[PDB]
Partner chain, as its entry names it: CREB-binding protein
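Only one chain is given next, in C-alpha cells, and it is the form deposited without its partner chain.
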C-alpha cells in the first residue's frame, strides 16, 4: 500500500545517472538500470564475466585539447582494468575497486562546492564497501520536510586515479565521476516543493515498473515515516 516501499522491493532496479568529468569538463552522461549495478571502465575491451553494466568512460581526445591532460587521462583509463563497481543491495549502495586505480568517494551536492570538504573514504579493493545508506537519508529527508533547514545529500562523487581534492579544486582532478540515483533526486525535490502553494505534487521515483505519484505534503511525510520504520538501523 505504501508506494515508496517499492524502492526496497527485491528485484527492483534503480536508475543511476552517471556523469563523468575530465578536469572539470563534462565529457559523458548516461542513465543505466541493472540488477548487478554498474562498472566504470576505461575501454570497450574490458572483461565480460564481471557482472554489472559496463560504463565506458570516453577517450579524452574527443573532448580535450590539452595534450598533457589527454595523456594523463588516457593512463588513468587504461589502468582502470575491471573498473569501479557500484551496485545496490537493499537500503545500501555498495562500491568495490576491481582495477589498480585507487578511487575515493564522497556524498556531496549535485555540483561539487567551490570551497571543498574532503573524501568520505576510499573504495576498497579486496572486499565490498558501503557508500550510501538509505536509512539516515530518509530520516534527514523527513527532518527537512519539517523545515529544519538542510536537504540530504545524494550525489556520489568518485575521484579516480588520484587522491581526493582537499587542498585544490575538484576541477584540477583528471577523472571525476558523479553517480546520482535519480529516485533520491526525485525524493528531495518532492520534499522541496512539498511546502508550497499546491495541494498535491507529482514525484517520479524513476525505478522499474513505477508510475508517477501525486501526493499531498502530509501523506508524503507519512509515507516517508512508514518507509523509515521498515528499514534497518543498528
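Residues that one form lacks are left out of the comparison. The term rigid core refers to the maximal set of C-alpha atoms that superpose within 1.5 Å between the two forms. Numbering follows the first chain given and starts at 1.
Note that the form deposited with its partner chain bound isn't included here; everything after this is about it.
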Exercise. Quick one: does residue 141 come within 4.5 Å of its partner chain in the deposited bound form, counting heavy atoms only?
Worked result: yes
Exercise. Residue 58 near its partner chain in the deposited bound form, any heavy atom under 4.5 Å?
Worked result: no
Exercise. Does any heavy atom of residue 50 come within 4.5 Å of a heavy atom of its partner chain in the deposited bound form?
Worked result: no
For this session: Indicate whether its partner chain has at least one heavy atom within 4.5 Å of a heavy atom of residue 96 in the deposited bound form.
Result: no
Exercise. Can you name the residues of 8-41 that have a non-hydrogen atom within 4.5 angstroms of its partner chain in the deposited bound form?
Worked result: 11, 13, 14, 15, 33
Problem set entry | Flagged residue of 75, 153, 117, 125 - C-alpha shift reaching 2 Å or more between the shown form and the other one, core superposed | 117
Problem set entry | Large Cα move at residue 62 between the shown form and the other one, threshold 2 Å, rigid core | no
Problem set entry | Core-superposed C-alpha of residue 167 shifting 2 Å or more between the shown form and the other one | no
Exercise. After a core superposition, would you say residue 198 shifts its C-alpha by at least 2 Å between the shown form and the other one?
Worked result: yes
Problem set entry | Comparison of CA distance in the deposited bound form with shown form for residue 101, residue 115, at least 3 Å | closer
Problem set entry | Relative Cα spacing, residue 116 and residue 172, in the deposited bound form - shift of 3 Å or more | farther
For this session: Report the moving segments between the shown form and the other one: consecutive residues, 3 or more per run, each with a CA shift of 2 Å or more after superposition on the core, given in sequence order.
Result: 7-13, 113-117, 196-208
